[PDB]
């Protein structure tokens, strides 16, 4: 039925401890400090609510998935690893492989992706409008961000995954494996502690487009489809 590498991913999830699987007080969310550039794994773990995947399990699954996807022409792809990051399409598939497992039983887990780019002849996105979320209580964003401070430092745009979760009171929380905002200057001093910030995802996105240069954004989550993101008011 299932490929051996996909089954291995499902097996690891089934053995994971997920104390933040459901809505919990914000202090109980599972948020991992960043390791290398594994923010996709950290965001997946915050999304599901526990250390569901470790870096070795996820990287092994991703490599085998690359082999099945394109086989011996894999040398045509840019590297994807804990050291260089992962495509939003891989995060979608990993999460959809968990639909129907005993941990996700009774939960909306039809995961899809929506991707927004600048208008023609525009350098950045001027506005991101989220779809109506209904009762959705978990999301992952992949954002590509530049800024005046980054240009002044000669730094590349940051391409970064974060997670959002609703707590037991219904308030949204940004769960970020980095210790500073995506739009912060690259030389900013920090404590290393992951970001746990009470903010609506729409307000967080508006904060990026107001403070920095949003080049691209991917929204991943239950009930999300290709047309979910728009760039006009609602």
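Positions refer to the first chain, counted from 1.
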Mean C-alpha temperature factor, higher of 137-145 and 101-109 = 101-109
Segment of higher mean CA temperature factor, 187-195 or 29-37 = 187-195
Which of 66, 45, 169, 60 ranks first by CA B-factor in the deposited coordinates = 169
key: C-alpha B-factor winner, where the candidates are 126, 87, 81, 96   = 126
ask   = What third of the chain, by the recorded C-alpha B-factor, contains residue 116?
value = middle
key: Chain third (lowest, middle, highest) by recorded CA B-factor, residue given as residue 222   = middle
inquiry  = Taking only the Cα B-factors deposited for this chain, tell me whether residue 155 sits in the lowest, middle or highest third.
reply    = highest
request  = Divide the modelled residues of the chain into thirds by Cα B-factor and specify which third, lowest, middle or highest, holds residue 91.
outcome  = lowest
ask   = Which third of the chain does residue 132 land in by C-alpha B-factor: lowest, middle or highest?
value = highest
